[PDB]
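In: Just dropping in an experimental structure and the matching sequence.
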Amino acid sequence: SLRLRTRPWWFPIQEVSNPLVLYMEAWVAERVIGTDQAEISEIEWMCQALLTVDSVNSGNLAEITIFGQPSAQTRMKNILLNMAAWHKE
Amino acid sequence: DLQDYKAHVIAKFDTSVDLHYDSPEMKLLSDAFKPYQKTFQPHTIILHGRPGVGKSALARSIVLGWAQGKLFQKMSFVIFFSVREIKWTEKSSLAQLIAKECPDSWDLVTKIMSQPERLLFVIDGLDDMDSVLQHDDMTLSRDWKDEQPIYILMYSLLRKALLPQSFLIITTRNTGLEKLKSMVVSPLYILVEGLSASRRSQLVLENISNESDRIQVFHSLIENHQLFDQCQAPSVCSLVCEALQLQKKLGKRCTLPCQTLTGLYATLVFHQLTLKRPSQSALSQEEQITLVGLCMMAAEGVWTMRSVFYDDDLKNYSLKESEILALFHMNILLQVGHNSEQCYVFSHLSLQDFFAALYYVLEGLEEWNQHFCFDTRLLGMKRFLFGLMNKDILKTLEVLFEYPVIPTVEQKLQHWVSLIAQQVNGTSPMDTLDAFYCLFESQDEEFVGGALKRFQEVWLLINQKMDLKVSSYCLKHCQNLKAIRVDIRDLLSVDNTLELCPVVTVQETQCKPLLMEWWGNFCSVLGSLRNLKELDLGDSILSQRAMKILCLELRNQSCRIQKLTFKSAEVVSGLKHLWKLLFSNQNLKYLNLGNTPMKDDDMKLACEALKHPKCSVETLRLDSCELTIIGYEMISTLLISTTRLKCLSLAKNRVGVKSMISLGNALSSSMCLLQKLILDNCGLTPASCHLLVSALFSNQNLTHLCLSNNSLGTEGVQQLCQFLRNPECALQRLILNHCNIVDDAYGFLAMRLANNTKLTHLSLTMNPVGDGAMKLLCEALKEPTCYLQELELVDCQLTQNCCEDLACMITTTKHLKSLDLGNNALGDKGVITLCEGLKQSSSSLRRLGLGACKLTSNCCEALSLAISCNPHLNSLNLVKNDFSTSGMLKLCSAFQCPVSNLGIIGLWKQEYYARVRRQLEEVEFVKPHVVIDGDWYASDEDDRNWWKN
Amino acid sequence: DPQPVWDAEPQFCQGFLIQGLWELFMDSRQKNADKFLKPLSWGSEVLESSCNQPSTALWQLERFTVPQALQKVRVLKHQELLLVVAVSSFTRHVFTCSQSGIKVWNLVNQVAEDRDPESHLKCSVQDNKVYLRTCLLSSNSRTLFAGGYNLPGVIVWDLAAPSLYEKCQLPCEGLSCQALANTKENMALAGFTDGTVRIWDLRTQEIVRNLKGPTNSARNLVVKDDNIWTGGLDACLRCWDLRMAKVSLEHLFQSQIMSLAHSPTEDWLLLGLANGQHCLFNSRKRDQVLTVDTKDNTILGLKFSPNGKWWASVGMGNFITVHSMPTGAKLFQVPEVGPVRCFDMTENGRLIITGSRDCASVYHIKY
């Protein structure tokens, strides 16, 4: 019942208190998010939003939380959905 | 002697056997003191998070783990500080604090010699010290063994000015970071979180009663971010579950609502006092004083940003730990600390906010001061204060205190909500949403009903489902609403998305997503309102199903919306539902469909629907809808057929020769009844214009014709004059804003205007007409047989040579009542010449436009004399001109005269010195009906922008 | 003598309720319509409605708009004589510079008067006595530069990292900065106090070329695709071509040059002289100079619009003026308290910052 995650200095602390949560199959998360962290960090910078993926659930579902102002949240959600749709096809 | 200290710290810190382990989250903390970049290696780490998560336990685990192994090996010494258990007003030294922490004092002298490079400080709780600093100037201590108050010592430690090249770990709160981030040098931030969202959802789900209202209450609780986010702490979730279980067991004898944090907290607190009472009765006099003292202490602590409440603070309000313990028998005001002095903190900050909010309710019940011997941080208190207005809680308070409870702050809250509704240039949507969220917390119809009575116009942005629910709840009581606008950018973009939150479905049989039913409830709320008659979709993106639901709800018999706007929305998918809606809602008579491309079948269905006897649409705007030849043929067939259409717009789409002749054949026929036609920014050529006017020659129905931003030749103007010459023309307003008219065409126009009625408006903006043609125009306007009422010359090329002519025309004219001179370089001599004939007020001119006329501070005396004695003038524009201080003072003194009757003045008042601003304020004070706003063109007494909407 | 009187400009409703609640508490413990500004939502936009126009623009004329007024929304309380400012719209940050350090602010905070910075970057403790002159921010908002008087180089910071720290040095030992610039090819250049302009490779930190002129001729510096424009007290304007590394143009003016600017779209060059006169110069034709305006006081700042249809000026005359591009006609004015020394504008044309004595004021552009 405790998770840690670094916060970049440029991210305001005012926007860390209203996430967006959507669910997806855990089989696609490991191939969309990937293993490296540099690409994820660059996506976070350009979208100006922060995301975390947790797959501790026993089911095939994965939980995604995205932090930022609504427009950035929407844009990052669209990017992730498009990547998932491409990888599923 | 290090082994003895390590054994002592092991013995002292042992309270978590199943909570402290080599978790995957902790190796990040161990590695954090390593160079991420080869150049950079951080020296300060700040752990921030919500109050209820285990940051202090994490720091204690760090200290314990260093004492055994696998956690820290380079750090030779780790020192743990707990600042909320000590007093920071005494004067001491750093050596004394460590000596208190470290039993052996002989180790430190050899320690300081080589340790500063390899040494770690762990400071727990520097959140209560945000108020100790005077914020004026703090003296920096540079070396230890200095007798100074310990807050200065901590200030020097944080600045790397006391013990440099040493590592610091600081545990703090999210809201206590405003003053600390400037002090520390390049820290690293770690965000700590509690239990996950799925675990939280399951825990909430087990405890809900499930007697026929489980789904709605469950969704009301889970989607509320204010409650759901702060429920991260296990203690808060345990409190919520205990309150939910208590309500079900206390079934009928509990009437407090269960959808909000305020209702659940009142349930626990107020029931707890009842168990003390041997029978249902009132509080004793002494216990009332204790409760009031507790509330007042909590409120003062909230205001002063304090959360420790030392012993002397308790004696200020005459409190006692025994009294509070024996009054509640519940976990309130826990005692912490180990030294002689004691500290008392609330079990959770939510309880302190609850009591601080409760203080405002009981403050006026009596004279309580006899028995006492004395913006983010205020969000929770404000939410609790708004929530405590529920009438069910006040009845319990009346039962306990024996007197009726009517707080004074209720009027203040209602007045604040009312101030938002009445604004001069529209209402801010964010304040509207905040007010709606606040009013949703008090599940009271009288309070919410009386707070919302002055809106009359609402702009709303929706990007969450909770927004839909709170807006649906609050909009039911807005009985005076007349216009709304909703912006839903992304909530309804995708048509199909089927997912479930837990491993198993929340409900066994749902058959429909939660979003769709809440959307339908909102749409039915919109369709039930009586006085609302304008709906604008803003910048919404809608799928097929959403638009279908909207249309089916708007088809209802109780919907009286007259105007529908889609000029900035993407609704291409639901056009079939739109067409079916068109001829079943008979109250709709204005449809704006700009920027939505129309295909062949869509246009065919739209025309077929418009031909229906049950359609009552009278205005149809169809600009930027890319049309085809067959579309133009069907438009002509619609025009010739039976319809109730009176206004048609086809702006910003090119028209070909064949389409033009078909349209002209439609217009020339006697079976067409169309009043207004807008044809600006089309593909009109001089040949096409000639053909159009030739076809219109036999028409006797069109009264408004706009032909702006086209190309018109001299033959076209002659044909227009020929069409205007014959009787029974019935043309009232002509607009030609950018068509190029030059030379003789102005002469034909003057010949027509010399003797012509039924033509009252004429706009000639942005045309190259100089003083020569203005001679003819003024000569034509001087005759008594000219009924023109408004003339616009905003961007025509004019100089001061025609100003005497303009003044003579103004003196002699008896019908003109508006004259616009927008971008003409008249100068000061021309303006003085004009004012010579203006000051006598020989005519009924009521609107003069003198913006951007290049006026210095030389004509100010003549202007002031002209407008000092001129009762007829009502409006005046003076923007984009240079006025000195003396000229502005003269203008203001002329404004203050009791003879002038100016109603609208166009000035930006934020461009003048303080004295001129004071004079303007005095002018506004003397005459209360004067509006001083720079947006001069936003005032329309008559329909002037009929061709721009 | 004309002394403007400052008032609490924003007066929001959210602060109104909080202030109203505070007086009730004390008033209880004693015995013993209003006009509100629209908040800057998310630090991005204001959510207002635009102004009306007498007519409608052409179909091809869509994105070419001009402002009408300015509205003050916040004051940032630096505590020293302000010298430079930067706006950073994509990341929503502000940089204010004085002689003793740089303070960073975030626009998300909803406060009428800001006094707590995000950070305080200083370099004075490093040496005995050092003063700062200028600072510069890149186009992609990922690097910061700063130069001064007694420094050993120009300091480079990284803004895309999880932490804020120093990155490079770019050595220039015995010189005073007075000017900074950046270019697309990944190099930086600065023009010192003896007419020297030096170019460093931003990644390798190596000196590429040196350009020498007369004394005080490098006060102003403007870069383009392959040209470098300079001008200072010597009342001359010169152009250097990087490929041939020698002057190309030389023009005489009647007074000292105090500022320079370039249009993002067209091929114009803007000059500000020491007697209040503006000038326009075609960068490509280089035919002749035409004067557009005149003022009593000198000019210390100049900047073009993102679409290149207007510009704004500051000086020593207690005023900020906005002019139109085709001809140079003045649009409006806004007064201040003292000599305005700096200002900056965003990339979406929504906000403008301005610092006169020791406080930086942020305005909202109304279209």
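Out: Perfect, thanks for sending it. Residues are numbered from 1 along each chain as shown, chains lettered A, B, ... in the order given.
In: where exactly do the strands run in chain A?
Out: A:3-7, A:20-25, A:50-54, A:61-67 (DSSP state E).
In: who does the longest one pair up with?
Out: Paired neighbours of strand A:61-67 in the sheet (DSSP bridges): strand A:20-25 (antiparallel), strand A:50-54 (antiparallel).
In: so of these, which one's packed in deepest?
Out: strand A:50-54 (a mean of 18; mean count of other C-beta atoms under 10 Å in any protein chain shown). C-beta: built from backbone N, CA, C; applies to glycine.
In: Contacts for that one, please.
Out: The contact list for strand A:50-54, computed with C-beta atoms under 8 Å, 6 or more residues apart in numbering or on different chains, reads A:3, A:5, A:7-8, A:11, A:29, A:33, A:40, A:44, A:62-68, A:76, A:80, B:196.
In: if we go to 6 Å?
Out: A:29, A:33, A:44, A:63-67 (C-beta atoms under 6 Å, 6 or more residues apart in numbering or on different chains).
In: buried subset of those residues?
Out: Buried subset of the contacts of strand A:50-54 (neighbour count, 16 or more other C-beta atoms under 10 Å in any protein chain shown): A:29, A:33, A:44, A:63-67.
In: what's the closest of those to chain B?
Out: residue A:63 (6.4 Å; C-beta to the nearest C-beta).
In: Okay, that closest one and residue B:513: tell me how far apart.
Out: 18 Å (C-beta to C-beta, to the nearest Å).
In: per the record, what domains does chain B have?
Out: Domain assignment for chain B by automatic domain parsing gives B:2-192, B:284-405, B:410-481, B:798-949.
In: Same list (the ones you listed) but as TSV, adding mean neighbour count.
Out: Formatted as TSV, these follow (neighbours: other C-beta atoms under 10 Å in any protein chain shown):
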stretch	mean neighbour count
domain B:2-192	16
domain B:284-405	17
domain B:410-481	18
domain B:798-949	18
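In: Over to residue C:83: give its phi and psi.
Out: Per-residue torsions, residue C:83: phi -120, psi -40 (degrees, to the nearest 10).
In: what separates the helix or strand hosting residue B:688 from the chain centre, distance-wise?
Out: According to DSSP states H and E, residue B:688 maps onto helix B:686-696. Chain-centre distance of helix B:686-696: 50 Å, with C-alpha atoms, centre = their mean, to the nearest Å.
In: Just the buried positions in that helix, please.
Out: B:688-693, B:695-696.
In: Can you name the helix or strand that residue B:297 falls in?
Out: Going by DSSP H and E, residue B:297 is part of helix B:285-304.
In: for that helix, packing partners?
Out: When contacts are defined as 3 or more C-beta pairs under 6 Å, 6 or more residues apart in numbering or on different chains; DSSP states H and E, helix B:285-304 sits against helix B:349-362.
In: re earlier: okay, the buried residues of helix B:686-696 in JSON lines with distance to residue B:223 next?
Out: Formatted as JSON lines, the buried residues of helix B:686-696 follow (distance: C-beta to C-beta, whole Å):
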{"residue": "B:688", "distance to residue B:223": "58"}
{"residue": "B:689", "distance to residue B:223": "59"}
{"residue": "B:690", "distance to residue B:223": "64"}
{"residue": "B:691", "distance to residue B:223": "62"}
{"residue": "B:692", "distance to residue B:223": "58"}
{"residue": "B:693", "distance to residue B:223": "62"}
{"residue": "B:695", "distance to residue B:223": "61"}
{"residue": "B:696", "distance to residue B:223": "59"}
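In: Looking at the residues you listed, which is nearest chain A?
Out: Once C-beta to the nearest C-beta is applied, the member of the buried residues of helix B:686-696 that ends up nearest chain A is residue B:688, at 44.2 Å.
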